[PDB]
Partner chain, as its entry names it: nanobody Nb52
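Only one chain is included here, represented as structure tokens and corresponding to the form deposited without the partner chain.
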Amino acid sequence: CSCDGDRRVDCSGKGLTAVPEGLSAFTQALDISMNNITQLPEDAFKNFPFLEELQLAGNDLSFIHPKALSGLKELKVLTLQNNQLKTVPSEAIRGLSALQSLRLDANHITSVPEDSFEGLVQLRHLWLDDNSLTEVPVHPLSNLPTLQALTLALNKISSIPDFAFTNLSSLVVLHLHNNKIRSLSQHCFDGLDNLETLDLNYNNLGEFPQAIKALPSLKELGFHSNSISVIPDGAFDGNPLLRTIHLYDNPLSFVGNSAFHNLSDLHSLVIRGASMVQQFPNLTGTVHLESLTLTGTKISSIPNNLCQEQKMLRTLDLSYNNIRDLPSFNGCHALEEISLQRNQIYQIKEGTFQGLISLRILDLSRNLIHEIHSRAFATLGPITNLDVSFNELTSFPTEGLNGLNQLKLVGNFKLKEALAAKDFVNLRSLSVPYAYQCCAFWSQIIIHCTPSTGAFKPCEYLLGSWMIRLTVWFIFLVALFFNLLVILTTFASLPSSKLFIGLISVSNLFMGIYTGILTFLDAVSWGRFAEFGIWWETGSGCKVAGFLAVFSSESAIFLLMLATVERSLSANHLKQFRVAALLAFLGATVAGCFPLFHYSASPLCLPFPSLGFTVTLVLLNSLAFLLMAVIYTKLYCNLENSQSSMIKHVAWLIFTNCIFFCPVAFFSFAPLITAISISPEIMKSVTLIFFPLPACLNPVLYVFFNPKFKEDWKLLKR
């Protein structure tokens, strides 16, 4: 073993097969812990008259001979942790007259015989932890008049009967954690007037052990993680000196109104899950509380005298409640943990928070406060975290909120006005319903907004740089006029294949209007977009631009779907095509209202970055081109003019439409398949120019490559 020089024998870590021999008579401590001795011969430690500290822990004793442990009349602590003794060696510990602590704990004690613990009059600390005691050894425990600290924990006892603790008149510790006592009688705990700490946690008592009324000196009462669910009124009248209570993680349904009154020394109060509680408890006499974590209750109003009496308050957690009206918190000079969340509070007045010089946590989230007074926060001091997120706010007061270390406002969807950056100078973390707000909050300090602002939801410039700004503008001028060139052309002179080539221009013309609306919004909102973006994205302006954005794209493909079908007649049907052409327009306006019915991905308002319309369009426009190509693969099955001229135009209207929409799609097919090698700016530029570009060369294709326009421009002018 190893061993230290205080006249102490401590034989640990050797696995000795017997009692060590040849040891001194003056050894103040005989420790033989952590070896493999199974039993002791009679008078095994007789050679050692002057013992004070016996430590035979972890030796795994099985059977103690009747006279084996005798010969020790003056040891202070006897310790046999990690043992396998079935019964307490009472026939051997009867001579333990000068004991100070019998650590019988961590043993296999299943039952203590009736003639036990006799002579143990000087003992102070009794330990039967980690054992299998089916019941309190009352009669053996009756022989312990001066025992100070007893631990009956980790045992197999189911209940404590009457007069089970009377003789323990000096007991100050009662540890029963990880035990299974389910009941106790009224007089059972009588006689423990010297008790200071009572442990009943990690247990299964289904009712409040009200028998604690005979514990006037009790100060620590821990029964948390129990089966207790009801709290009878006046459960602590007999415990005026109690200072702490452990009752967390319990099926607490109802708590008495006056059950928490006259606790002058109480320093904490946590009540989570008390659904049946409807009113604030009576806190009279408890002027020394630090926290009331009253969560999971149904209280409707906080009394106005709350901290007119709780002058020493620090924490107020009333979340998961039905609080509607907040009283004045004046006088709460030491309160720093207001967390009134998940409540029904609808308004904050100027005097609601006045007088909170020490408040540092504000958690007014998940509430219904539609309006907050401008001077409501003007009195507060060093508030670090204000979380008002997920509310119904329309205007956010800003006076006195300079030092907000962290701010949370997400979910206030009607907070249209963007918060200024001058009245939140000392801000580090922010969260606002619309990213435009944070774009404004970002000389300054490192800010950590999380609406995820970026290129898709632009802060300053809608369309990338001046390059994309002009090409889209270039598209608009070409798409608006060259189509109106075709609109006046083919409908101011209709052979259907020359009607469709004209009806496609109608659909593309609204694309020019959409990209004209897009370039007009950017032009007016040049140099800034937060001021106009919120009014644009949320307002009806996006819907009008959004309707034309997809209606033009769908109808152009839908009409071009009919165009190749009409031109496939070369391989009578004019009547069925005029109505079908209107059906394509009618079938596109329904695919233009799905946004409008049932985008806030961009101000571009397109539906393409909602795995609804997006997938159902890119899998229908691509399948459109698939059918639209296999049909035209057949037109050339042909192993002549005025219809071959129509063949080339539709073929070139096929080739250009499938390239452009192909890009917009792969990229609008989303990075779902693979997110690597993407750019929320470069890829939004290409989906910004190459989406309406197919409806930009359609009018300067028909006008230039196919001769019917030359035969129609003459027809108008002459």
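For the two forms, the rigid core is made up of the largest set of C-alpha atoms that agree within 1.5 Å on superposition. Residue numbers count along the first chain shown, from 1.
From this point on, the text means the form solved in complex with the partner chain, which you will not see here.
**Q** Of the residues 90, 412, 339, 250, which one places a heavy atom within 4.5 Å of the partner chain in the entry with it bound?
**A** Only one listed residue qualifies here, and that residue is 90.
**Q** Answer with one of 161, 609, 451, 113: the residue that has a non-hydrogen atom within 4.5 Å of the partner chain in the entry with it bound.
**A** Selected residue: 113.
**Q** In the entry with it bound, is there a heavy atom of the partner chain that lies within 4.5 Å of any heavy atom of residue 94, even though the partner is absent here?
**A** Yes, residue 94 is a contact residue.
**Q** Could you tell me if residue 47 has a non-hydrogen atom within 4.5 Å of the partner chain in the entry with it bound?
**A** Close contact is absent here: in the entry with it bound, residue 47 is far from the partner chain, nothing within 4.5 Å, heavy atoms only.
**Q** Any of the heavy atoms of residue 666 lying within 4.5 Å of the partner chain in the entry with it bound?
**A** Judged by the heavy-atom cut-off of 4.5 Å, residue 666 is well away from the partner chain in the entry with it bound.
**Q** Quick one: does residue 85 come within 4.5 Å of the partner chain in the entry with it bound, counting heavy atoms only?
**A** Residue 85 belongs to the contact set for the partner chain.
**Q** With the partner chain left out here, work out from 293 to 301, 628 to 636, 525 to 533, 113 to 121 which stretch has heavy atoms within 4.5 Å of it in the entry with it bound.
**A** In short, 113 to 121.
**Q** Where does the C-alpha shift reach 2 Å or more between the shown form and the other one among 658, 57, 68, 664, given a fit on the rigid core?
**A** The answer here is 68.
**Q** After core superposition, I'd like to know whether residue 13 moves between the shown form and the other one (criterion: C-alpha shift of 2 angstroms or more).
**A** No.
**Q** Comparing between the shown form and the other one on the rigid core, is the C-alpha shift at residue 682 2 Å or larger?
**A** No, shifts by less than 2 Å.
**Q** Since the C-alpha distance between residue 451 and residue 671 changes by 3 Å or more in the entry with it bound, give its direction relative to the shown form: closer or farther.
**A** Distance between the C-alphas of residue 451 and residue 671: shorter in the entry with it bound, by 3 Å or more.
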